[PDB]
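[1] structure, please.
(8 chains, ligands or ions: 2)
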Amino acid sequence: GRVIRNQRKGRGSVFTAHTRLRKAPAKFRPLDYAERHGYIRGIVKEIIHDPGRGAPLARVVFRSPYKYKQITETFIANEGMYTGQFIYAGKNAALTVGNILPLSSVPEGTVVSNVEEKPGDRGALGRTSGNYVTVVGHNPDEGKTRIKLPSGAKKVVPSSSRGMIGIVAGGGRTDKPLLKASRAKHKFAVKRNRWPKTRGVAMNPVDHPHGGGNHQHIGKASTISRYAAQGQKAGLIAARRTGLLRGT
Amino acid sequence: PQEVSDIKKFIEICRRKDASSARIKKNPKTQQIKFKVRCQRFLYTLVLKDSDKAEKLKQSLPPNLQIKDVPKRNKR
Amino acid sequence: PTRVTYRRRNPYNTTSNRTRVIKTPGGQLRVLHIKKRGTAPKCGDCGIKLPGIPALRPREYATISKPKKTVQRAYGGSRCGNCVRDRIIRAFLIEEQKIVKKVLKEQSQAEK
Amino acid sequence: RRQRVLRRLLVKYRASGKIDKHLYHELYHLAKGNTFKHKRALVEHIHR
Amino acid sequence: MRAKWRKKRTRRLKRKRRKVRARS
Amino acid sequence: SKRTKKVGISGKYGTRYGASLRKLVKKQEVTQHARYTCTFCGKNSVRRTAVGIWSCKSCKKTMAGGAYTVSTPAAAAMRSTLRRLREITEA
RNA sequence: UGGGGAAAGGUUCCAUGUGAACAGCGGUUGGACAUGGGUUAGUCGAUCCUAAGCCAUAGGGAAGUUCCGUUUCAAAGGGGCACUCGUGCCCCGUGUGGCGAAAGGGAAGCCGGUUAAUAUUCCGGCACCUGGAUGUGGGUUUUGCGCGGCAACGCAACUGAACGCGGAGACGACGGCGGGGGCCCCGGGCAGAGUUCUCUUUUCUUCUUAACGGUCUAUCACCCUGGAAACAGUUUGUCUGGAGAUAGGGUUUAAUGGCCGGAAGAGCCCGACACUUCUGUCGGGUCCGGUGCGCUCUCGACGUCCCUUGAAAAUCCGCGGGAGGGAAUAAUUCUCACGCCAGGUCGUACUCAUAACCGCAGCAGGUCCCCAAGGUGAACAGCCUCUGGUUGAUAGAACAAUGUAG
RNA sequence: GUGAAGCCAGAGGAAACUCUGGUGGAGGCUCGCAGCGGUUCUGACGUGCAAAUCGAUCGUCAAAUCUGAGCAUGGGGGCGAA
Ligand SMILES: [Zn+2]
Ligand SMILES: [Zn+2]
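    Numbers count the residues shown, from 1 in each chain, chains lettered A, B, ... in the order given. Ligands and ions are numbered 1, 2, ... in the order given. Below is the structure:
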């Protein structure tokens, strides 16, 4: 046989990501003395839309503490922000929607977004349209904080990690049906070449492990082990269970 | 092409170090007299409707340059 | 009712091959190739077109005298005129509120 | 076409002084609604 | 304001000054 | 002169896509094309521009909101609790 | 089946002559044969900038031809001035290389004539852009770097280094509405032509105005006075208004609008004289209105759709800031007017297709665009005609079977 | 051709509310020219005009439509609404 479809996607010839219309990536500022001991301020100049994503972005302008110049950054916008607002960042900044605080200067129960997994990586944890993370408890000795993730899992991150207050805008984007093949095509045609997906049961035995036959059927089991050979993992990988879930 | 509203500045143009040529066209149908002069960069035109200021002016301009009334039907 | 033709080698209608039908002193219909249209500069912080400034291509602005490319006040170009008034008012008030707060804090601290 | 004709006539009357702004406004909205069919009908309503 | 104009005007000024200095 | 009795804005879809999907998309479509009163200037001149962006036609301010509504119930609850939480914690 | 082009073709373009061969018949004809001639650019392109993408440099793999790597664990640059003179001095720095578009971005030329064959290039006239040195007129100053308007702002000028901020280049698809150029249509007038047994104050043709400048206007928008409910203004389409409407008065972005220069001396239409040619010449004319869900291009204010929001760089301008420099017999770094010099290299003929390209060929196949008249008619439907182009596909005679098409 | 939201006016009712006439121009809607495709005649030709063409009849036609140039993927490899 030949190489099956999900092996060709690793070469990166046709299945790359379209990035002509993306202007910059979304990150925080780098750690610096000012934000680590006090606070700094910036202006919200514009609120823009970048293709291939929910969660509109916000352009913020800060001054420079060491040179005569002005720097501009791009954040993800929380529900409530508006052009012309004043945003603050640092250890001693008040906690209102929009602000940027080290996660240790925060009481339990507040929701944040765009949290740093390690201080300085510039935001990694919750940054999609309408999601957030919750703090649960602290540990002043050997500083470390426990958080809950939008999937249910719990984690422990260092106390000097950062997070910017609020809930990511974009709301309930996935509520109305797409309702039209064209809308699905337009949705995907700005991320990747993956939309029209053919059904391995309709394939030929030279093309896919599910292959041919005089009737369309899988043949063997559909659950594939976790330590299998590259080119075999096509189906429900390492499935612990099947069927409709009941409790949760 | 450039206009000259009055007469005084027209002789000032003609009395210049590079005014190489001039000519005079008379239109019988519309009863008009046009004074054209050719400088380096531009071509300056003076329009008149009278009949006696035409000839007297012609003696006032410098004598060194030449004047040829344009002839109807000019061959290559 | 005569029909016309292009006069350059580009046969395509590609937003930089602009034409105009004309009639000539010889009694014929010809085409002139015209350039693109100018555009008027906008304000620095509001976004509206400034009045009193022409609309040209970005290179023709180098042959025109200065008093034709600006207006006679502070922030002549790039600012409309209503937005500049806000700048004076805003600047003055912030300075006034600054000194009063500073004197209030120091005098209060002196009291202790 | 019909809408322009009616509106053109109405401004003439208001400027001349044959009517005032209250009657003008009432008739303008009465005209946007399909009430008057042509120029003759409009003047009759004004006269009454 | 192109660099050319700034450089051209200064060069023109210097050339005129040099001529005056030599005559003196 | 009602031209319909129940279909409404979802009448452009004709007889396609199935009754329940048409009726279910109406809930978001009706509120997305609506017009809301501004909060900064007071005029009723706010309309949607992008998937999460709203702007006032008169004051030119721009605000980040929900997907199909200027605000969402989840966000409003959070702001009230957080404001209440901060005040007691600092008092 | 007209008039011109991109890819491709490569002398097939024009003139003179011609035995055989080729043009599935002939041939005095030819895209065939023989001998000569023909392609002129500061303004049209390439040259300049980057896009998807390709390749050097610092490094690390591999026995090796070489694979990765493009800002990465690199000591990576560029700006100013003076001597006697090359040598010497003084400042700013994370650096940040090349290639890649004849449809993307982009400084600048129009009309008339001319050759057997080229012309936005040649000839005549009238212009424009960039670069470089310089003078006259005017402007400013003894209060050292201009005045006027309440204001939006105006004018022939009217200092501005380092550093920094902003604008233009710079952008989707569709729907109706309004302004402008071109074409189409109707009436009158002057010239020429067609028809006329009968009728027709008849039917047809010409009546044109370039680039580049001056001056006067033209939707949106903005400024001043004043303060609105018996609510008003208003679009084909309900938006606007104490965050200041109606009304009155003003400033400004935008001519493919009117008048003048260019420009009548041009071009075109008639009439009258000359004569082997070389040649020509002298009279007239080249106006005034109307209309429109008309066709085409362009501009402007609106509206709709998106889990879709619809490129980057070179180049140029404006502002904040105040370094340096500067007169009282002149001084002057005035983006004002006029005046001086120069603008290198390659392509430019012709076809673009029922014969110049690809299909073994002079093959009913295939191959990307621009302009688009009259009538019937809802119409780029079908049918007939004008400008323009063809009359080229082996022929003559008779009308049986069987055929193909109607 | 049909005529979705939004807007104007009028009429009926004690009220809650309901009717009627216009305006407007949405839709992977519809008839139908050019382009694109290739259902039937199992038509023509079948040492053809042609190593896939010709004629009539047909499918779609404002969007998952048609198309030029520049660039990328190279053989047990690519690409594939299969
Ligand atoms: Zn402004
Ligand atoms: Zn508002």
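[2] tell me how far the residue most central in space within chain D lies from residue D:19.
    Geometric centre of chain D, nearest residue: residue D:10, 4.4 Å, by C-alpha atoms, centre = their mean. As for residue D:10, its distance to residue D:19 is 8 Å (criterion: C-beta to C-beta, to the nearest Å). For every residue, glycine as well, the C-beta is placed using N, CA and C.
[3] again with residue C:72
    From residue C:72 over to residue D:19 (counting by C-beta to C-beta), the distance is 49 Å.
[4] okay, the two: which has more neighbours?
    Ranked by neighbour count (other C-beta atoms under 10 Å in any protein chain shown), residue C:72 and residue D:19 place residue D:19 first, with 15 against 7.
[5] run a quick neighbour tally on the closest residue in space to that one that isn't next to it in sequence.
    Nearest residue to residue D:19 in three dimensions, chain neighbours excluded: residue D:13, at 4.9 Å (C-beta to C-beta, 6 or more residues apart in numbering or on different chains). A count of neighbours around residue D:13, defined by other C-beta under 10 Å, yields 17.
[6] what does residue D:28 give?
    Using other C-beta under 10 Å, residue D:28 is surrounded by 14 other residues.
[7] for chain A, what lies in contact range of chain F?
    Applying C-beta under 8 Å from any C-beta of the partner chain, we find that chain A lies next to chain F at A:46-47, A:49, A:54-56, A:58, A:77-84, A:94-97, A:107, A:109-111, A:129-130, A:165-167, A:169-173, A:175-177, A:179.
[8] can you tell me which of those are buried?
    Buried members of the residues of chain A next to chain F, counted by 16 or more other C-beta atoms under 10 Å in any protein chain shown: A:47, A:54-56, A:58, A:77-83, A:95, A:97, A:110-111, A:129-130, A:165-167, A:169-173, A:176, A:179.
[9] picking that back up, same for RNA strand H: which of the residues of chain A next to chain F are within range?
    Counting by C-beta under 7 Å from any atom of the strand, nothing from the residues of chain A next to chain F sits close to RNA strand H.
[10] those in strands, which ones?
    A:46-47, A:58, A:111, A:165 (DSSP state E).
[11] closest to ligand 2 among those?
    residue A:47 (14.5 Å; C-beta to the ion).
[12] tell me the two of the ones in strands among the residues of chain A next to chain F that are most distant?
    Distance extremes for those: the farthest pair is A:46 and A:111 at 25.5 Å, using C-beta to C-beta.
[13] list residues touching both of residue D:10 and residue D:19?
    Common contact partners of residue D:10 and residue D:19 (C-beta atoms under 8 Å, 6 or more residues apart in numbering or on different chains): residue D:27.
[14] run through the helices of chain A in chain order.
    A:5-8, A:33-37, A:181-188 (DSSP state H).
[15] mean neighbour count and distance to RNA strand G added to those helices, as CSV?
    Shown next, in CSV, are the helices of chain A (neighbours: other C-beta atoms under 10 Å in any protein chain shown; distance: least, C-beta to the nearest atom of the strand, whole Å):
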stretch, mean neighbour count, distance to RNA strand G
helix A:5-8, 13, 17
helix A:33-37, 13, 18
helix A:181-188, 12, 4
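[16] any chance of those in JSON lines, with distance to RNA strand H too?
    Listed next are these as JSON lines, based on distance: least, C-beta to the nearest atom of the strand, whole Å:
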{"stretch": "helix A:5-8", "distance to RNA strand H": "4"}
{"stretch": "helix A:33-37", "distance to RNA strand H": "43"}
{"stretch": "helix A:181-188", "distance to RNA strand H": "3"}
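[17] which of those sits closest to ligand 2?
    helix A:181-188 (31.1 Å).
[18] run through who's touching that closest one.
    Residues outside helix A:181-188 that contact it (C-beta under 8 Å, 6+ apart): A:178, A:194-195.
[19] wait, what's in contact with the spatially most central residue of chain C?
    In chain C, the C-alpha nearest the mean C-alpha coordinate belongs to residue C:41, at 1.0 Å (C-alpha atoms, centre = their mean). Applying C-beta under 8 Å, 6+ apart to residue C:41 gives the contacts C:49-50, C:53, C:77-78.
[20] show the buried residues in these.
    Looking at the contacts of residue C:41 with 16+ other C-beta under 10 Å, the buried ones turn out to be C:50, C:53.
[21] now the contacts of residue C:41 in JSON lines, with secondary structure and distance to residue F:14?
    Shown next, in JSON lines, are the contacts of residue C:41 (DSSP: H, G, I helix; E, B strand; the rest coil; distance: C-beta to C-beta, whole Å):
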{"residue": "C:49", "secondary structure": "strand", "distance to residue F:14": "45"}
{"residue": "C:50", "secondary structure": "coil", "distance to residue F:14": "50"}
{"residue": "C:53", "secondary structure": "coil", "distance to residue F:14": "53"}
{"residue": "C:77", "secondary structure": "coil", "distance to residue F:14": "55"}
{"residue": "C:78", "secondary structure": "coil", "distance to residue F:14": "53"}
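[22] just the ones in strands among the residues of chain A next to chain F now: which is nearest residue A:229?
    Of these, the one sitting nearest to residue A:229 (C-beta to C-beta) turns out to be residue A:111, at 44.0 Å.
[23] go ahead and confirm that closest one touches residue F:78.
    Yes. Counting by C-beta atoms under 8 Å, residue A:111 does reach residue F:78; the two are 6.0 Å apart.
[24] identify the contacts common to those two.
    In contact with both residue A:111 and residue F:78: A:166-167, using C-beta under 8 Å, 6+ apart.
[25] what ranges does chain F have for its strands?
    F:46-48, F:53-56, F:62-64.
[26] give me the distance from the last one to the chain's centre.
    Relative to the centre of its chain, strand F:62-64 is centred 12 Å away, using C-alpha atoms, centre = their mean, to the nearest Å.
[27] packing partners for that strand?
    strand A:39-48, strand F:53-56 (3 or more C-beta pairs under 8 Å, 6 or more residues apart in numbering or on different chains; DSSP states H and E).
[28] same check on the second one?
    Other helices and strands packing on strand F:53-56, by 3+ C-beta pairs under 8 Å, 6+ apart, are strand F:46-48, strand F:62-64.
[29] out of these, which is the most enclosed?
    strand F:62-64 (a mean of 24; mean count of other C-beta atoms under 10 Å in any protein chain shown).
[30] list the contacts for residue B:69?
    Residues counted as contacts of residue B:69 (C-beta under 8 Å, 6+ apart) are B:23-26.
[31] which residues belonging to stretch F:14-22 are considered buried?
    For stretch F:14-22, using 16+ other C-beta under 10 Å, the buried residues are residue F:22.
[32] that stretch near RNA strand H anywhere?
    Yes. Interface with RNA strand H: stretch F:14-22 contributes F:14, F:16 (C-beta under 7 Å from any atom of the strand).
[33] got the contact list for that stretch?
    The contact list for stretch F:14-22, computed with C-beta under 8 Å, 6+ apart, reads A:177, A:179, F:7, F:10, F:13.
[34] and that stretch with RNA strand G, contact?
    No. Using C-beta under 7 Å from any atom of the strand, stretch F:14-22 never reaches RNA strand G; the gap is at least 11.9 Å.
[35] and the end-to-end length of that stretch?
    10 Å (C-alpha to C-alpha, to the nearest Å).
[36] so how far is it from its chain's centroid?
    When distances are taken as C-alpha atoms, centre = their mean, stretch F:14-22 is centred 23 Å away from the chain's centroid.
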